[PDB]
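The next block holds one structure in the form of structure tokens; read it before the comments.
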Amino acid sequence: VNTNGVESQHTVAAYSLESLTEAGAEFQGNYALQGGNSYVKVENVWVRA
Amino acid sequence: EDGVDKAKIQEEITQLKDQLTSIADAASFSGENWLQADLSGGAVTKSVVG
């Protein structure tokens with residue numbers, strides 16, 4: 001993920017899709033809205049957005 | 001070459017395209033052929049346990 005015009009490497013915790021869908025999460029495309037927290041899919045894993 | 005008829009070459013390329021499709025779909029090992037992937041998301045990634 002590039003914060004600016006230059007690219008960079010970042011480490012972020014990943015959340016399983018089953019954990020999100022178990023707690024009653026709304027979905028739209030690559031968006032999850034389980035609760036107050038919002039999750040998005042970057043390539044294959046859901047991370048906090 | 002304009003003097004060469006284009007129809008014969010047309011079925012030649014048709015056969016070659018069918019051959020390419022056969023190569024693309026047949027070349028699989030255990031269901032993960034690493035080819036003909038679904039690009040709906042456009043970022044499909046496959047990994048090997050290192």
Binned at 10 Å starting from 0, the alpha-carbon pair-distance distribution of the protein assembly as shown in whole percents comes out as 11, 25, 24, 18, 12, 8, 2, 0
Rg(Cα) / (2.2 N^0.38 Å) computed for chain B, rounded to two decimals:
1.78
For the range B:36-49, Karplus-derived ³J(HN,Hα) couplings (6.51, -1.76, 1.60; θ = phi - 60°; whole Hz; x for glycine and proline) come out as 6, 6, 8, 9, 4, x, x, 9, 6, 9, 10, 10, 10, 4
So if each residue of separation counts as 0.36 nm, and I subtract the Cα-Cα distance between B:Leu20 and B:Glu1, what length gain in nm does that give?
4.4 nm
How big is the gap, in Å, between the Cα center of the range A:11-49 and the Cα center of chain B?
34 Å
Using only the alpha-carbon atoms, how far is helix B:6-26 inclined from the longest principal axis of chain B? Give it as 0 to 90 degrees, nearest 10.
10 degrees
Could you check the simple spin-label distance between A:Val6 and B:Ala43, using points 7 Å along Cα→Cβ, in nm with one decimal?
2.3 nm
Going by amide H atoms built from the backbone, whose H comes under 5 Å of the H on A:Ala49, apart from near neighbours?
A:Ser38, A:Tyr39, A:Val40
Restricting the calculation to Cα positions, tell me the Rg (one decimal) and the Dmax (whole number) of chain A in Å.
12.1, 38
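As a convention, Cβ positions derive from the backbone with ideal geometry for all residues, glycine included, and neighbour counts pool all protein chains shown. Every number here is computed from the coordinates shown, using simple stated rules; none is lab data.
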